[PDB]
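One-letter residues, chain by chain:
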Amino acid sequence: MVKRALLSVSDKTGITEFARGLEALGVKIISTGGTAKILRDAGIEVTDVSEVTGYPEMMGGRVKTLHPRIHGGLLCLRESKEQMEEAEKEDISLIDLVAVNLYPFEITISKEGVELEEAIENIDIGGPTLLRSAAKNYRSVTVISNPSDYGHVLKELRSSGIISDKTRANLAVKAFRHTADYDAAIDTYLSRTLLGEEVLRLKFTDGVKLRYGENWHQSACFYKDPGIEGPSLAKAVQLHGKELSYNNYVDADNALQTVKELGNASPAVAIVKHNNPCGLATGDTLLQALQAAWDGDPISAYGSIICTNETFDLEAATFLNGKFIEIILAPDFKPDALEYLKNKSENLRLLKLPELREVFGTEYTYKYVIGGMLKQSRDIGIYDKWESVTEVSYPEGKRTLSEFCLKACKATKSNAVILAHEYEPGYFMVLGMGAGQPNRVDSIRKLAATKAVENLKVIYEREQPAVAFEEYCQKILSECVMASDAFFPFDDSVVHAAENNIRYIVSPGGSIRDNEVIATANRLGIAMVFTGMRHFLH
Amino acid sequence: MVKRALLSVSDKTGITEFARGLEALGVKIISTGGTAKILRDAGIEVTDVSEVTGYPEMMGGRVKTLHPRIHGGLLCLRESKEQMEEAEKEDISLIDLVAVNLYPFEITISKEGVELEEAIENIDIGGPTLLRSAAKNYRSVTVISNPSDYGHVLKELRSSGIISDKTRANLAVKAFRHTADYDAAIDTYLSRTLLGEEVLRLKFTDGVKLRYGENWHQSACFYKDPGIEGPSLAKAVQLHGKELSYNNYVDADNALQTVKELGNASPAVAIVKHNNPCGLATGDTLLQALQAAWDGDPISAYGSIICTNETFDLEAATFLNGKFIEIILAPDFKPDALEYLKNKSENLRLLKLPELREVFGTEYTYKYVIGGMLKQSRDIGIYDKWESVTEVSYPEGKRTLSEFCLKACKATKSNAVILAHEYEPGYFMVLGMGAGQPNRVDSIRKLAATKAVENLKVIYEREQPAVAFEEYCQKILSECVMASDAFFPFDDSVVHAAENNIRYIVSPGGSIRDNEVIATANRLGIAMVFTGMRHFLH
Amino acid sequence: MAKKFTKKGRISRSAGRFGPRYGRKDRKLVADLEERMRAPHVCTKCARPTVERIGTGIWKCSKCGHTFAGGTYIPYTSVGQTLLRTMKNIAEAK
Amino acid sequence: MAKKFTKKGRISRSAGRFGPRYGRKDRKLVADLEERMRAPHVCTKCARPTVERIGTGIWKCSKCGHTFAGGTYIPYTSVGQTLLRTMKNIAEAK
RNA sequence: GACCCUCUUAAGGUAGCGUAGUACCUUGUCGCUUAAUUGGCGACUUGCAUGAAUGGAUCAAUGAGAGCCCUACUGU
RNA sequence: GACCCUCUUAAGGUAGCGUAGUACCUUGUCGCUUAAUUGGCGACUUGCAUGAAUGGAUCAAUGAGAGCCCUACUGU
């Protein structure tokens, strides 16, 4: 039950109706300032805080109020005698509902210098208190901080009669949380403006325990973020499939990031094992792409996280049949397809993400370094300047041939000779990796050809054209483009690249001997552009 | 100057002295509740809050007052009309010094069920207000939430005369932050106990702008957690060295982890490169230790960073001389080594950690999976049971070898085949790894065996003994211990290892066909003890 | 078994006899040298930790009476052990 | 160029003619089918996007008058394109 | 009133919902609504005799459908 | 009063400290300390003429060292 209500809301959004409701249910509205005004200008009678405390008015709009000795009435039980009596004293009131929101703090920057004085000036002192006080009342007073919960409240009251304990709880907690946020802001800003030591608070609310961890005794627990952002695991639905775990989330996110670097347009897919997107593809109709990645990795594969860029269809669903996948991400799905997989399989952690084909909404990452939390500015910028120095230059199409590395070598582990090369009519997928091992060259030393040709192998083996293995491989190996990581160390390594007939490496420029990198590229004939964007993903 | 002192410090530490100091310079002490007594007993004359804010006080211990236009006095600018106005009124005081800490929130599960009632009824409400009010005064009034800096304040006052902007600033910032801390707790607990969500509120102080990240423009800061447990990159001692990048910090984590994973023990180190175990072995001095962990790595090497448990001196710094090293993590450090490294190769980022070797101190770890963050427990579990299902069990010598791997392999990015083999009886060393290769068998193909033999080669030739390579290997070819993540997939793969003689493999418990795998290693007699640890470290 | 190692008492060690004199660096150096010299040292004749310093460079075993010349503050030095191991390797080789 | 796509208006699409009737699922299905059918379709005779549906299964090119039989709501179906590509592969092979 | 057994002559109610248009006892107990309510709504529920296409729960919009309440209005 | 040039006849003061036991102007300006202070301390500092083993800054403990202040004490 609510008998009196203190509506000192900074943000007035929708207070008029809440007020109307309460009044219609008798609830006297004891409010002051902005609110009070709006209410008396909207045909809602409202008593002023003057007829409660012994405190007039000054700078209405933030503080001007508080309640000593007396807050202890609403406190943690506005009916608990010892508690109760304090708030109501002499003409004071036994308000059983207080709604106090706080305008979000902001410093900004003026034309003549940070407006520190006024900006800081407006730190609500009354409000927050009223909140904490009321809030503590896990019983009696029903605190209404967040403005987007006047409905729920009203409905409950209009019906039931008494805001249930459950509700009271939720509300109170939320209020405390709101004040927490407020203070946090007050910290971050000030620590960045006034002094220099900056403080970064994190956004990890609503928790959920998973299975365990890397081992059975390594319990992990996903903590969702309240942020509305955009594409994120927090907003994905496990249609069917046993509860995803640590590894699950991890790789799934890496996959998402991979497919999100290519930004809409061209159909694309991906896959991944042990935090390694080992199968990006673009192409046209998914079908091909999908399987092309499965060719990319036909070993490990079994139990990866397919991450397509749109809805999955039966065509490749029948291809997926038998080829065990851990999780299948997708912006949406088709009924028959979904059903099909669902019933046939018994393990696929189908986790299509509702609407992921838009803006990610984040630009920072937080690598936990046992007492450290960095804030890398999310950037995938293909190149800073396209300046092929080597005598052999890249024509626009060979340019794309190269660009595809950047496109994936970023969105996947580095120290990998990413051989993004043609495979589908005017659509280039990454062919070979490097599997991030010791020296940069070590990548090619046990990859490049290693993967490129394993793939070629499977393809050839299957369709056995007249072009015997040697010239078969050559078919594309002579035109291959490798834009491996950033600036590839020296020159004989690049020679090894040319060795594999790939007369098209790509190197951002500026390693141990850039002049020699050029010299060699000229000699060999390795066309390589000096992009400058080291793709590693830190 | 500062002539009034409202000190209602929940925590009654330091107040005695502070109060006397004040009384000496003058500064009327207007405290109440607890403080009042303690001081008026120690001797320090104290006036009760009763005769300031219009109406007295209530339930001493937390509540006290909460008066609007009295908190607005202290608030900010007690000398600027509008604002100052609330520090005069009707006997209303213009208090200029406030120090009121907040006893931390707690839940204290009672023998008869969680004391939620009391808990909630002990969340200080009065405190936070007074505090945040005073705090607000970046100008005039000075607030000292933290009790552990009464000295600094007193000092300044005594000497200088009036407090300094610099100080007032820090004081305020800190006070707000403290109230934040309070709120945070009030949310977290109550959000788990009352409701059932796990709000993870984190704060990383000591923000230090660094180099970058992936991009040369990927600005990120090494926000230093204020955790005072033990081993912490933040609280380091960079003898000399440019600001180390994200990369360095991370690999620092890596090596710190591995080195401490081995429980330090007989002179051990942990060389690390491209966040992949690049060295791990024990010894009787760092001479051997160092080279026992550098030995197994003839590839990556150059560009790595040492993380030790004893002392790095010029003795082994001779071989080191040239061998490119980015960072040093020496608990103890020799002056001459220090000096040499200093000039020699500038690169040496000498980031010794003051007696780094302790117990980690934290129990959790995080991985910001962009859209959330997990909470993986600080587990150090090294084995379940020690028992080879295969009849032929481990001799103490090879048990020690296994025990060895356990540590490294557990602190080694997995999907590999960790082949640590004895370099010096009792003092082990790594001989293989396998950075996330497709299938475990492919890993043993392009890692373990290969790197083991190449190592053996490097060793044999380097130190040229009587015994010729082939037999030099022969001697311990089987002895070679490899735990590798967890249960090696099948038996034929284990037999491939036996092909490379390697008749000593560790296999936790629960392989893809344990029944068979056992049979096989039993017939072969391969000492295949069943540790049980699904280390599978990523 | 040892002293009352208080919350703050574990720094001075045997250099607590010097009070606030001579500086933390030299106090630490002297304390570490004292710890190393007072550590048990195994007798090369009876293989038990009964070797104590009798003078500047003289070390004696309390059990078997084996007395020898070693380091000033350590019974066995790294250079001497290196020489011994070199000659042992030669002797094994031949 | 298009309608006033308000902050909330991008869901109903052509199914806004149905109001709050028939359910979100069927409204979405019908809207998607309408979008796919109203998308431009390239004429296989003149190679320009002038193929529009003239009836249930009949499609006509506004430029060259080329009229043909296709899908009910799509001028070209995946099965038909698969058949065409199979026969093209055979023709290339021979 | 959880848990091993039963009686199990196939099995022994999962998700939900619950005094219901289903609840005999019954005007069930409590809270709002009234001065007062075998009423309505909400919660609890020991379900005489709820429960998943004998379809369960829920529901925006719609309704000459069925109840209760507020306001305005009035010879009801 | 930053920045290209200079005058550069080797170079043109880095970290610090600063009216100093170094500051002529000088009892420099401001704040605390006093009723009042060429004082002491703190800050600022246009440094006549500070500055890194001609060692710079700083400093717990120690001092029959040199200043200023509070308390107690008193024929000072």
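Its PDB record attributes the structure to cryo-EM, giving the resolution as 3.51 Å.

When helices and strands are tallied, chain C shows 2 helices and 3 strands. Ordering the α and β elements of chain C from the N terminus gives α-β-β-β-α. Taken over C-alpha atoms, the radius of gyration comes to 17 Å for chain C, far larger than the 12 Å a tight globule of 94 residues would show. For chain C, the spread of C-alpha atoms along the three principal axes comes to 55 × 30 × 25 Å.

Turning our eyes to something else, we now look at the sheet that holds strand 2 (residues 58-61) of chain D. For sheets, the rule is that strands pair by backbone hydrogen bonds, running either parallel or antiparallel. Residue and element names in this part refer to chain D. Read from one edge to the other, the open sheet built from 3 strands follows the order 1-2-3, with strand pairing classed as antiparallel. Each edge of the open sheet is held by one strand with a lone partner, namely strand 1 (51-55) and strand 3 (67-69). Strand-to-strand twist across the sheet, computed as the mean angle between neighbouring axes with direction ignored, equals 35°. Bridge count for strand 2 against strand 3 is 3 bridges, and the pairing is antiparallel. In the sheet register, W59 faces strand 3, and the bridge partner there is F68.

Okay, the interface of chain A and chain B next. Across the contact, 117 residues belong to chain A and 121 residues belong to chain B. The junction of chain A with chain B conceals about 10500 Å² of combined surface from both sides, 60% of it contributed by carbon and sulfur atoms. Our enumeration of links across chain A and chain B arrives at 7 salt bridges. Here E214 of chain B and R534 of chain A are joined by a salt bridge, their closest N and O atoms 3.9 Å apart. Inspection of the chain A/chain B interface yields 34 residue pairs in polar contact. No other element matches helix 7 (residues 165-191) of chain A, which puts 14 residues into the side of chain A that touches chain B. Per-class residue counts for the side of chain A that touches chain B are 51 nonpolar, 34 polar and 32 charged. Pairing geometry for strand 4 (residues 200-201) of chain A and strand 5 (residues 203-204) of chain B, over 2 bridges, is antiparallel. Bridge assignment links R201 of chain A to a residue of strand 5 of chain B, and that residue is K203 of chain B.

Evaluation of the coordinates by the stated rule reveals 26 aromatic pairs over all chains. Considering the side-chain rings of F204 of chain A and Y368 of chain B, the 5.7 Å spacing of their centres and the 70° angle between planes classify their relative orientation as edge-to-face. You can see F204 of chain A sitting in the loop between strand 4 and strand 5 (207-209) and its partner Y368 of chain B sitting in the loop between strand 15 (364-365) and strand 16 (376-377), one on each of two chains. On the accessibility criterion, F204 of chain A (1% relative accessible area) is buried.

Here the focus is the UniProt feature "binding site: Zn(2+)" (unreviewed entry) in chain C. All names here are of chain C. Mapped onto this numbering, the UniProt entry gives "binding site: Zn(2+)" (unreviewed entry) at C43, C46, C61 and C64. These annotated residues cover 22 residues of sequence, but their C-alpha atoms sit close together, with the largest distance between any two at 8.8 Å. Ignoring sequence-local partners within four residues, the contact set of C46 consists of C61, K63 and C64. Looking at the secondary structure, you find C64 in the loop between strand 2 (58-61) and strand 3 (67-69). Among the residues examined, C64 registers a relative accessible area of 40% and is labelled partly exposed. Not counting residues within four places of it along the chain, the set of residues in contact with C64 comprises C43, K45 and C46.

The next subject is the protein's contact with RNA strand F. Surveying the vicinity of RNA strand F reveals the residues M1, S159, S160, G161 and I162 of chain B together with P20 of chain C. Considering RNA strand F, the proportion of its atoms within 4 Å of the protein that are sugar or phosphate atoms stands at 61%. At 2.5 Å, a backbone N or O of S160 of chain B approaches a base nitrogen of RNA strand F. Residues of the surface near RNA strand F, tallied by class, amount to 3 nonpolar, 3 polar and no charged.

Residues in close proximity to RNA strand E include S159, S160, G161 and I162 of chain A together with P20 of chain D, which together make up its full environment. Taking the atoms of RNA strand E that fall within 4 Å of the protein, sugar and phosphate contribute 62% of them. In this structure, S160 of chain A approaches RNA strand E through a main-chain N or O atom, which is 2.6 Å from a base nitrogen. For the surface near RNA strand E, a count of residues per class yields 2 nonpolar, 3 polar and no charged.

For the rest of this paragraph, the subject is the packing of helix 1 (residues 15-25) of chain B against helix 7 (residues 150-158) of chain B. All names here are of chain B. Running from N to C, helix 1 and helix 7 point in directions that differ by 10°, and their axes come no closer than 11 Å. As judged from the angle between their axes, helix 1 and helix 7 are roughly parallel. Across from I15, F18, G21 and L25 in helix 1, the residues of helix 7 making contact are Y150, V153, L154, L157 and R158. Of the residues assigned to the contact of helix 1 with helix 7, the class counts are 7 nonpolar, 1 polar and 1 charged.

Further remarks concern the pattern of salt bridges. What the rule picks out here adds up to 55 salt bridges over all chains. Close ionic contact of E315 of chain B with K334 of chain B constitutes a salt bridge, the shortest N to O distance being 3.9 Å. In this pair, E315 of chain B is assigned in helix 11 (residues 314-320) and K334 of chain B in the loop between strand 13 (332-333) and helix 12 (335-344), connecting sequence segments 19 residues apart. Exposure remark for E315 of chain B: the relative accessible area of 37% places this residue in the partly exposed category. Accessibility expressed as a relative area gives 27% for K334 of chain B, which makes it partly exposed. In this structure, the salt-bridge partner of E35 of chain D is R13 of chain D, at a minimum N-O distance of 2.6 Å. Of the two residues, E35 of chain D is situated in helix 1 (residues 24-38) and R13 of chain D in the segment before helix 1; the sequence distance between them amounts to 22 residues.

The highest contact count of any of the 2 pairs of chains in contact belongs to chains A and B. Over all C-alpha pairs, chain B and chain D never come within contact, reaching a minimum spacing of 24 Å. Chain C makes no contact with chain D; the smallest distance between any of their C-alpha atoms is 64 Å.

Attention now goes to the UniProt feature "domain: MGS-like" (unreviewed entry) in chain A. As recorded in UniProt, the sites labelled "domain: MGS-like" (unreviewed entry) are residues 1-145 of chain A. For the annotated span residues 1-145 of chain A, helix accounts for 26% and strand for 5% of the residues, and the straight-line distance between the end C-alpha atoms is 18 Å.

Attention now goes to a nonpolar patch on the surface. On the surface, a cluster of nonpolar side chains totalling about 310 Å² of accessible area is made up of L83, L84 and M87 of chain C. In this structure, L84 of chain C sits in helix 2 (residues 78-93).

Residues and elements named next belong to chain A. Read from one edge of the open sheet, 3 strands run 2-1-3, paired in parallel fashion. Taken across any chain shown, the strands that pair with only one partner, and hence form the sheet edges, are strand 2 (28-29) and strand 3 (97-98). Looking at chain direction, strand 1 (residues 4-6) and strand 2 are connected through 2 bridges and run parallel. Paired with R4 across the strands is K28, a residue of strand 2.

Let us now look at helix 17 (residues 514-524) of chain A. All names here are of chain A. Burial in helix 17 covers these residues: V517, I518, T520, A521 and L524. For helix 17, the angular spread of buried residues about the axis comes to 165°, placing them on one side. Projecting away from the buried face of helix 17 at angles above 90 degrees are the exposed residues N515 and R523. Along its buried surface, helix 17 packs onto helix 16 (492-499). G525 sits one or two residues past helix 17 and shows a positive phi near 105°.

Residue and element names in this part refer to chain A. Take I476: it is sitting in helix 15 (residues 469-477). The spatial distance from the C-alpha of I476 to the C-alpha of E422 is 7.5 Å, given a sequence separation of 54 residues. Setting aside residues up to four positions removed in sequence, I476 forms contacts with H421, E422, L431 and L456.

Moving on: the state of the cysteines. Residue and element names in this part refer to chain A. Scanning the model with the defined rule gives 2 disulfides over all chains in all. Here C405 pairs with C409 through a disulfide, and the sulfurs are 2.1 Å apart. Taking the sign of the S-S torsion, about 120° here, the bridge from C405 to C409 comes out right-handed. One end of the pair is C405 and the other is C409, both in helix 12 (residues 396-409) and 4 residues apart, which spans about a single turn.

Here chain A sits on chain B after a turn of 180° about the axis and a move of 0.1 Å along it, with an RMSD of 1.2 Å. The superposition operator between the copies reduces to a two-fold rotation axis. With an isologous cut-off of 70% or more, the 91% of interface residues of chain A that recur at the interface of chain B puts this contact in the isologous class.

About the thresholds
- Residues numbered from 1 in each chain as written, not as in the entry; some residues may be left out.
- Chains lettered and ligands numbered in written order.
- Part of a larger assembly, values for the part shown.
- Heavy atoms only, no water.
- Helix = DSSP H or I, 4+ residues; strand = E, 2+ residues; numbered from the N terminus.
- Rg over C-alpha atoms; globule rule 2.2 N^0.38 Å.
- Pairing = 2+ DSSP bridges.
- Axes fitted to C-alpha atoms, helices over the stretch in contact; angles between N-to-C directions.
- Contact = heavy atoms within 4.5 Å.
- Buried area = accessible area lost by both parts, 1.4 Å probe.
- Salt bridge = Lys/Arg side-chain N within 4 Å of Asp/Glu carboxyl O.
- Polar contact = N/O pair within 3.5 Å; in protein donor to acceptor, adjacent residues only side chain to side chain.
- Nonpolar A, V, L, I, M, F, W, Y, C, P; charged D, E, K, R; others polar.
- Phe/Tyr/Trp six-rings, centres within 6.5 Å; stacked < 30°, edge-to-face > 60°.
- Buried < 20%, exposed > 50% of the residue type's maximum accessible area, 1.4 Å probe, protein only.
- UniProt positions renumbered as here; feature names shortened; annotations may be inferred.
- Near = heavy atom within 4 Å.
- Parallel < 35°, antiparallel > 145°, perpendicular 65-115°, else oblique.
- Patch = residues over 30% accessible without salt bridge, like charges linked within 9 Å, V, L, I, M, F, W, Y side chains within 5 Å.
- Areas by Shrake-Rupley, 256 points an atom, 1.4 Å probe, with all protein chains shown as cover.
- Arc of directions from axis to C-beta.
- Disulfide = S-S within 2.5 Å.
- Least-squares fit on C-alpha atoms.

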